[PDB]
Amino acid sequence: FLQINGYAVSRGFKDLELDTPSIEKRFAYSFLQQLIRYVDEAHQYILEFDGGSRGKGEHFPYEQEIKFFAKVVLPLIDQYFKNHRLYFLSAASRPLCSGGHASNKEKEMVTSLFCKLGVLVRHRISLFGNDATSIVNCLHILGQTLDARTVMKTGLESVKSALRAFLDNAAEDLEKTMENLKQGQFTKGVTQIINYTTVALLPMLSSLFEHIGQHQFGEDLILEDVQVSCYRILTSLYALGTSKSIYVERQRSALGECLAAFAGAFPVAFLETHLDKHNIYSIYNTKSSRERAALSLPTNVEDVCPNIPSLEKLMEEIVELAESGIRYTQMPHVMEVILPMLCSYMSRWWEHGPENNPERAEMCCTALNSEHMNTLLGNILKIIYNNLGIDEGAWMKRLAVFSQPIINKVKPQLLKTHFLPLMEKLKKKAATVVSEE
């Protein structure tokens, strides 16, 4: 009756303002703000329990807070990130074009939480009541949801320093780990530190390297002193797989996976040092000789990494050991780590090879070709042929999934006359029961 009489009733007060310009508009941003807060309280808590752990009293007044953190903050991060993984991976390509662009502030504070969770998990697995594996999975999903390139190209200097230190601390931890295994060959705090290293430190870095690899982007992440830490990491996790020891035998597979991921993630030719002078994007080329004299850098690529041999030499010992057909239990070094090393190397640098880019002649860094991969995969298949009925295991099982990108890369038309070696090595061993590939 009011309407028909003509009086028009509406809302008492129309909108006065709108909160879209604010970056705390996103409940994700606000929740992550509160989250970083509670984790800062957790950090000062863990400093307090580290002070009291050296003290006699192991009783903690903040046990309720410890349980709250571990049972709420730790799993909620994981579930949120595995549910809205695409939201953080918004890389200006507009994924899910309807919406879901994570802000640069969102990503940078996610990276700060990333780093501070790393700092917390550093050497506290004993304090974690068997939930240390849960923190390991948590930082796995953190690394899978990482978006660090945007925040490093545009971000706050504190976030920059945090993201550097996140891998720096792992760098000196692993380094002193290698000095301690070989100095203390004889059979405690150092044992607990090595347990932390093997259980978490290698897998977290491997997850980060896999993230970098399947984004294919991070040639910007690699920066000054980042190459220094990267060569330290390379030589280190390579010497771990090169040396044989009763301690390292158990964790051989983990370090192999980790360094295989590292080879793919690292975007500068780490094995092609003979013609790396042709590269210009190599940050070791970009820093200039002034920065080489200023920083602790040996000024010569050959002295920087002398332990690792040349690519053609390594592949020719691979060829000759394949021809010899030595058993895997005899010397498992190469079959366990070196073959994934190559597989990741070629898989990453195949599109960078001059065969895919006949342009920029004599500006090509890494030299590789289809026949190179064909010979090396022939070596792999002849090795597995030699070790079919010998000692079996799962190392061939995992190197098969590592070599999957190579068999996708190689043309099936080229892998004619190789179809038969594929069905054979499998059809002939009817007496055996193990199945692979």
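Where does each of 230, 258 land when they are ranked from fewest to most other beta-carbon atoms within 10 angstrom?
Ascending Cβ contact count within 10 Å gives the list 230, 258.
Fewest to most neighbouring Cβ within 10 Å: what's the order for 410, 72, 433?
Neighbour counts put them in this order, fewest first: 433, 72, 410.
How large is ³J(HN,Hα) for each residue in region 224-231, as worked out from phi by the Karplus curve 6.51 cos²θ - 1.76 cosθ + 1.60 (θ = phi - 60°), to whole Hz, x for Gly and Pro?
Along region 224-231, the couplings run 5, 6, 6, 5, 4, 5, 6, 5 Hz.
How large is ³J(HN,Hα), in whole Hz, for each residue of region 258-272 in order, when computed from phi with the Karplus curve 6.51 cos²θ - 1.76 cosθ + 1.60 and θ = phi - 60°, using x for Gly and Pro?
Rounded to whole hertz, the list is 5, 6, 5, 5, 4, 4, x, 5, 6, x, 9, 4, 8, 10, 8.
Run the numbers on region 2-139 and let me know its relative contact order in percent, using alpha-carbon pairs under 8 Å that are six or more apart.
Normalised by residue count, the contact order of region 2-139 is 25 percent.
Residues with beta-carbon under 15 Å from that of residue 221, excluding residue 221: net charge, scoring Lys, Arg +1 and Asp, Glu -1?
-2
Which value, in debye to the nearest 20, gives the size of the charge dipole of region 1-95 about its Cα centre, when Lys and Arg are +1 and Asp and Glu are -1 at the Cβ?
Using only the charged Cβ atoms, the result is roughly 460 debye.
In the chain, with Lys and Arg counted as +1 and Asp and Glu as -1 at Cβ, which of these residues, 259, 6, 90, has the Cα nearest the positive end of the dipole, that is, farthest along it?
6
Quickly estimate the mean residue ellipticity at 222 nm for the chain, helices only: each DSSP H run with n ≥ 4 gives -39500 (n - 2.57), and the total goes over all residues, rounded to 500.
One gets -17500 deg cm²/dmol as the mean residue ellipticity at 222 nm.
Mind sorting 296, 161 by how few other Cβ atoms lie within 10 Å of their own Cβ, fewest first?
With the fewest neighbours first, 296, 161 line up as 296, 161.
DSSP loop GluC sites (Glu not before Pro) in region 203-304 with at most 16 other Cβ atoms within 10 Å of their Cβ, which ones?
Counting only loop positions with at most 16 other Cβ atoms within 10 Å, the GluC sites (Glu not before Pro) in region 203-304 are 219, 224.
Taking square-rooted eigenvalues a ≥ b ≥ c of the alpha carbon gyration tensor, is the chain rounded, prolate or oblate, where a/c under 1.5 means rounded and, failing that, a/b exceeding b/c means prolate?
prolate
Explain nothing, just the number: dipole magnitude of the chain about its Cα centre with +1 on each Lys and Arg Cβ and -1 on each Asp and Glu Cβ, in debye rounded to the nearest 20.
Here the chain has a charge dipole of around 860 debye.
Reconstructed Cβ throughout: ideal geometry from the backbone, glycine too, with neighbour counts over all protein chains shown. Every number in this text was worked out from the coordinates using simple rules, so none of it is lab data.
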